[PDB]
Amino acid sequence: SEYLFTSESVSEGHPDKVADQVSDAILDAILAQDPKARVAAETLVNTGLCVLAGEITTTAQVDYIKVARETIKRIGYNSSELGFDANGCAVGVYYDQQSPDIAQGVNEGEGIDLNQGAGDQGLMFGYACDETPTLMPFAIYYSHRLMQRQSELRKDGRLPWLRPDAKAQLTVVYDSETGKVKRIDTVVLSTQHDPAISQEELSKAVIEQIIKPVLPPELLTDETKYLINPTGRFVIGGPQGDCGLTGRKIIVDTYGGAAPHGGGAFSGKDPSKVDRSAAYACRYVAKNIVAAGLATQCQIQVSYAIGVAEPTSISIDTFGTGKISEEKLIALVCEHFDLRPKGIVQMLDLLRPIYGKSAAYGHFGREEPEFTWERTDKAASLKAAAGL
Amino acid sequence: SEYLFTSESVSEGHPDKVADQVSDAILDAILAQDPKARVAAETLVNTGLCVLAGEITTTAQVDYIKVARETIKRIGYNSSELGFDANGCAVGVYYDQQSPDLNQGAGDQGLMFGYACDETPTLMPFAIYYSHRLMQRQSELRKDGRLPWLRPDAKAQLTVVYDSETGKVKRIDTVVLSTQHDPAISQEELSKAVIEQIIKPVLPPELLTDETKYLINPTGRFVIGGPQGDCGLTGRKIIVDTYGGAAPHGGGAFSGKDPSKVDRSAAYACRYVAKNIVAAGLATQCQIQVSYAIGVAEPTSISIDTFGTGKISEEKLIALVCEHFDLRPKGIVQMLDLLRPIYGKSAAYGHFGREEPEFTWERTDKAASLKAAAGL
Ligand SMILES: C[S@@+](CC[C@H](N)C(=O)[O-])C[C@H]1O[C@@H](n2cnc3c(N)ncnc32)[C@H](O)[C@@H]1O
Ligand SMILES: Nc1ncnc2c1ncn2[C@@H]1O[C@H](COP(=O)(O)O)[C@@H](O)[C@H]1O
Ligand SMILES: [Mg+2]
Ligand SMILES: [Mg+2]
Ligand SMILES: [Mg+2]
Ligand SMILES: [Mg+2]
């Protein structure tokens, strides 16, 4: 009559997320000067190490080393006690230019269709459902918020012993018949901390200040299991502790496994990379379908060929909850959304330095003004055009 | 009455796959000397560059640079004209390396998925299965000189049409294939050879129709390639490595990780569980999710979905799985004989769906016991 489902998130101090944030800070710095820049910025962080590699073609003049160090400092890695310290980190720049063989497919006036072609082949999924106020699956939505809360309390000093690296995991119970959340089964929360605080003090504060204020009280019961720093002390973390790379948190970045993923990473990529722009568009489409009341769950897949503007495929699944057929939904989507690469960029105003905030705590489910793919401004037109 | 679904794969020369293969070649070299080693070997490749970083605990003595160069050589990067070559690139070793029970706790939290279905002989989804085979065929004809103008880097993408009622594949709608090439061959000659000698020998003829669209090297040129054209990193092909989008993913990479790491061992176990449930005729579609907490042995969650195809309830299946499989981290290692150098081959053309002798998670040796224990 019920089943379990689990998602996780990590803080901005997790080493993979450090790499994502460095990649998107560099992207933002470039786009602030050159909105049309071609950016494919990959980052690897390790002990004392920040390698910047990939392909960038831009008129922007950005001090990549300074931007990387300032990003690492803003995350919290700015003191000798943490091991990994921006001031004591080697930043090495290895960027190439964008390959001209790729550029001639993407550039307008040079495509097989002379339109802006997709930056790559690939497949992308979007998803929305009615489980949370921002139309996200429950477990990833609240896992992100646990990690945001950890960072909030650290950065304003209310829990001054918190350190940057942390992880959270939620196992939730669903009703097999209704698909509705019944209760929270397990909360895992691990946080880095100053060595002077005891594990007992830490657990009390994590419960009072992080777990209880974030999760819905009605879903925490006598059966809920709390696993706080379950292997004990967590003093060293970040890239002193383990290696981080761009694009190694793609499930955290999206839907926490509540929907399939096409494989493409987001951070460090300008919007001509459909890995980013089309995944954002798919979230926008699915969210507006659910907000229009046309389905209570909606999943979309698209795909592209490098150097081709029209998607090679589109498919929509409402899991039996759609008020109209999925064929009619695809027709509505194609009428109200331009999923060609240039059409997406125009639809979502993507040639702007709006990406740094997306690189931790999830790309989806936060109704921040930067995140145009979270607007539900097409829902009314979809509902009307469906005949509802 | 119909819907579309798309998956992709990449060749062993794709820069992300180069990184995966270097990571797992180093893992194998370590495991051959020290089966109990802890390995978390990450690789980044770019123009003239192979960075090796991560954490290793072992008694093995491995020449990591030589292993990396040998792996790059085997893949086919043997000229600096390509911007990346085995003899000439810089290899830099940054590992944090140190010298150095069924209820041992997991080494991390995390979630993992497995999947199986009846669409292909090895119980894989159609689109990923044949996307892999397209890329294996590209590499085969390059290496044996049948198409000597091929270069190592390549990608393929299949869009398939499914019947909305029966769920069966009806036809192939679009084949995308991009392959790096010697500048001397025209696009017209390249396109014809890819279609006639790579694509058509691999895909089922009855699924290729006059409506099938072939998009070959659609930018018009693919001479620059490899890590120069596109930086590669370990763990950036996790959907190619698994089910091509036909099932969700927990997020963790496989390559460079020793089998104590549940990101890899539990995903392999979930494939093993799902494939045996299908092989036993208990379902035609089966998806499983597990998760772990750091320091805890038994998974924090397990769930199974047969998408209405199951012959017993999913509750009954979960009970069967707990009785017939040991999903504790050390129990998986024993179940699948994982403390051996068996991983280098997994790092290109998919971890699932090939019944190689190394791939113990592809054995259906529990199907009969599950079919009997289910009462069927
Ligand atoms: C298109 S690149 C990703 C974007 C790239 N980093 C950039 O700077 O725009 C990803 C993969 O596409 C393939 N690729 C590279 N050049 C290509 C070309 N000219 N045509 C088709 N595929 C290409 C290679 O497999 C490469 O690893
Ligand atoms: N003592 C610890 N307890 C819980 N989580 C940790 C601890 N140390 C590190 N982590 C987290 O776990 C991630 C994966 O690496 P590992 O520390 O090996 O599990 C790290 O990047 C940290 O986010
Ligand atoms: Mg990681
Ligand atoms: Mg991709
Ligand atoms: Mg890549
Ligand atoms: Mg992991």
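Residues numbered from 1 in each chain as written, not as in the entry; some residues may be left out. Chains lettered and ligands numbered in written order. Heavy atoms only, no water. Residues with missing side-chain atoms left out of burial classes, pairs and counts.

Per the deposition metadata, X-ray crystallography was the technique used to determine this entry, at a resolution of 1.7000 Å.

As annotated in the PDB entry, chain B carries the name S-adenosylmethionine synthase and is attributed to Neisseria gonorrhoeae. Per the PDB header, the title for this entry is "Crystal Structure of a S-adenosylmethionine Synthase from Neisseria gonorrhoeae with bound S-adenosylmethionine, AMP, Pyrophosphate, Phosphate, and Magnesium". The record held by UniProt for chain B lists under Catalytic activity the comment "L-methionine + ATP + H2O = S-adenosyl-L-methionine + phosphate + diphosphate". The Subcellular location comment attached to chain B in UniProt states, word for word, "Cytoplasm". (UniProt positions renumbered as here; feature names shortened; annotations may be inferred.)

The name given to chain A in the PDB entry is S-adenosylmethionine synthase, with Neisseria gonorrhoeae as the source organism. In its Function section, the UniProt record describing chain A reads: "Catalyzes the formation of S-adenosylmethionine (AdoMet) from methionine and ATP. The overall synthetic reaction is composed of two sequential steps, AdoMet formation and the subsequent tripolyphosphate hydrolysis which occurs prior to release of AdoMet from the enzyme." Note on chain A: under the UniProt heading Sequence similarities, the record states "Belongs to the AdoMet synthase family."

1. Description of the domain arrangement of chain A
Residue and element names in this part refer to chain A. Assigned domains within chain A: domain 1 (1-9 + 138-236), domain 2 (10-100 + 237-273) and domain 3 (101-137 + 274-388). For domain 1 versus domain 3, the separation of C-alpha centres amounts to 31 Å. At the boundary of domain 1 and domain 3, one finds zero salt bridges. Counting across the interface, domain 1 meets domain 3 through five residue pairs in polar contact. Of the residues forming the side of domain 1 that touches domain 3, the biggest block, nine residues, is contributed by helix α4 (residues 138-155). Looking at the side of domain 1 that touches domain 3, its residues break down into eight nonpolar, three polar and no charged. (Domains from an automatic or database assignment. Salt bridge = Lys/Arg side-chain N within 4 Å of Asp/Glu carboxyl O. Polar contact = N/O pair within 3.5 Å; in protein donor to acceptor, adjacent residues only side chain to side chain. Helix = DSSP H or I, 4+ residues; strand = E, 2+ residues; numbered from the N terminus. Nonpolar A, V, L, I, M, F, W, Y, C, P; charged D, E, K, R; others polar.)

2. Regarding the UniProt feature "binding site: L-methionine" in chain B
With numbering matched to this structure, UniProt assigns "binding site: L-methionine" to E55, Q98, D230 and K261 of chain B. Residues from the annotated list that form part of the lining of the largest cavity: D230 of chain B. Here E55 of chain B shows up in strand β3 (residues 49-57). Sequence-distant contacts of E55 of chain B, defined by excluding residues within four places in its chain, comprise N46, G241, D242 and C243 of chain A together with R38, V39, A40 and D96 of chain B. (1 Å grid on protein atoms, 1.4 Å probe; cavity = no way out; pocket = protein on both sides within 12 Å on 5 of 7 lines; lining within 4 Å. Contact = heavy atoms within 4.5 Å.)

3. Some remarks on the domain arrangement of chain B
Accessible area lost on assembly of the parts is the figure often given for the size of an interface. Residues and elements named next belong to chain B. Here chain B is partitioned into domain 1 (1-9 + 126-224), domain 2 (10-100 + 225-261) and domain 3 (101-125 + 262-376). Centre-to-centre separation of domain 1 and domain 3, based on C-alpha positions: 30 Å. Contacts between the two partners involve nine residues from domain 1 and, on the opposite side, 10 residues from domain 3. Interface of domain 1 and domain 3: buried area, both sides summed, is about 820 Å²; carbon and sulfur atoms make up 61% of it. Along the contact surface separating domain 1 from domain 3 lie six residue pairs in polar contact. Classifying every residue of the side of domain 1 that touches domain 3 by side-chain character gives six nonpolar, three polar and no charged. (Buried area = accessible area lost by both parts, 1.4 Å probe.)

4. So, the packing of aromatic side chains
Considering all chains together, one arrives at 26 aromatic pairs over all chains under this definition. Their ring planes at 10° and their centres at 5.4 Å tell us that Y3 of chain B and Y162 of chain B sit as a pair that is stacked. Taking relative accessible area as the criterion, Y3 of chain B reaches 36% and is therefore assigned partly exposed. On the accessibility criterion, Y162 of chain B (5% relative accessible area) is buried. Seen in terms of ring centroids, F359 of chain B and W361 of chain B are 5.2 Å apart; in terms of plane orientation they differ by 25°. Their pairing is stacked. As far as the burial class goes, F359 of chain B and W361 of chain B line up, both buried. Cluster of aromatic residues (ring-pair linked, three or more members): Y127, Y255, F266, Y280, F364, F371 and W373 of chain A. For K366 of chain B, the ring lying beneath its charged end belongs to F325 of chain B, and the centroid distance is 5.6 Å. (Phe/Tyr/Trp six-rings, centres within 6.5 Å; stacked < 30°, edge-to-face > 60°. Buried < 20%, exposed > 50% of the residue type's maximum accessible area, 1.4 Å probe, protein only. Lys NZ or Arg CZ within 6 Å of the ring centre and 35° of its normal.)

5. Considering the site of ligand 2
By nearness alone, every residue bordering ligand 2 is listed as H14, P15, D165, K167, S190, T231, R233, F234 and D242 of chain A together with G107, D108 and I294 of chain B. More than one chain lines the surroundings of ligand 2; the residues nearby belong to chains A and B. Between ligand 2 and the protein, one listed contact pairs an oxygen atom with a side-chain N or O atom of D165 of chain A at 2.8 Å. Contacts to ligand 2 include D242 of chain A, whose side-chain N or O atom sits 2.5 Å from an oxygen atom. Coverage of ligand 2 by the protein chains reaches 77% of its 460 Å² of free accessible surface. In terms of residue class, the shell around ligand 2 is built from three nonpolar, four polar and five charged. (Near = heavy atom within 4 Å. Areas by Shrake-Rupley, 256 points an atom, 1.4 Å probe, with all protein chains shown as cover.)

6. Brief notes about the sheet that holds strand β3 (residues 49-57) of chain A
Residue and element names in this part refer to chain A. Taken in spatial order, the four strands line up as β4-β3-β2-β9 in an open sheet, and their pairing is mixed. Each edge of the open sheet carries a strand with a single partner, namely β4 (90-93) and β9 (244-245). Two strands pair when backbone bridges link them, and β3 and β4 are joined in this way by four bridges, in the parallel orientation. Among the inter-strand pairings, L52 is bridged to a residue of β4, identified as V93. (Pairing = 2+ DSSP bridges.)

7. Considerations on the site of ligand 1
Near ligand 1, the surroundings consist of 18 residues, among which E55 and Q98 of chain A together with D153, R221 and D230 of chain B are the closest. Measuring from an oxygen atom of ligand 1, one finds a side-chain N or O atom of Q98 of chain A at 2.9 Å. The contact in question runs from an oxygen atom of ligand 1 to an N or O atom on the side chain of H14 of chain B, over 3.3 Å. Coverage of ligand 1 by the protein amounts to 96% of the 580 Å² it exposes when considered alone. When atom positions are compared with the pocket grids, ligand 1 is found to occupy the largest cavity. Contributions of two or more residues to the shell around ligand 1 are made by α3 (100-106) of chain A together with β7 (150-163) of chain B. Tallied by class, the residues present in the shell around ligand 1 amount to five nonpolar, five polar and eight charged. (Sits in = over half its atoms within 2 Å of the grid points.)

8. A closer look at the nonpolar core
Of all hydrophobic cores here, the largest spans 112 residues; its most connected members are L203, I277 and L327 of chain B. Ranked by the residues each element gives to this core, the list is headed by helix α6 (residues 262-279) of chain B, at 11 residues. Those residues within four positions of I277 of chain B in sequence are excluded, and the remaining contacts are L282, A283, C286, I304, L317, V321 and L370 of chain B. Counting residues in each nonpolar core, the second largest holds 111 residues, with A60, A68, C129 and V285 of chain A among its members. (Core = buried A, V, L, I, M, F, W, Y, C linked by side-chain atoms within 4.5 Å.)

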